[PDB]
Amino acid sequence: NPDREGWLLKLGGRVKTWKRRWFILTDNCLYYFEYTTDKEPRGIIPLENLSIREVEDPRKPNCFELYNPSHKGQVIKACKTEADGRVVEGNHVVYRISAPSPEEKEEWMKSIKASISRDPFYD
């Protein structure tokens, strides 16, 4: 079931704060928890119909983003839980994330392209 896991830094949506989060990529779904032993996902991002792209950030290096080619400037459909556990839809136009190192950043990038590609509903 698992495919790839490791820590990453992601920028919030409405509020632009980076949070260190544990990520798990599986079945073309990208999971992130606050801790590796967390029992439930803090957020879930369905990667279908999305694309990654290298970016340059003025605060964190080794970045890349997830955005929707088809609907530029439109909020990406995701599921997230608030601090208290309340379930809400995500509010990201793009998901910017900085890896700890280039090998990881690129390993994720490829690995995320691998899962999107291993999708029988690709266009």
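Residues carry their position along the shown sequence, with the first being 1.
In this entry, 62-70 has the higher mean Cα B-factor, the comparison being between 27-35 and 62-70. Of the two segments examined, 17-25 and 105-113, it is 105-113 that shows the higher average Cα temperature factor in the deposited entry. Sorting the modelled residues of the chain by their CA temperature factor places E48 in the middle third. For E56, the recorded CA B-factor ranks within the highest third of the chain. Only modelled residues enter the ranking.
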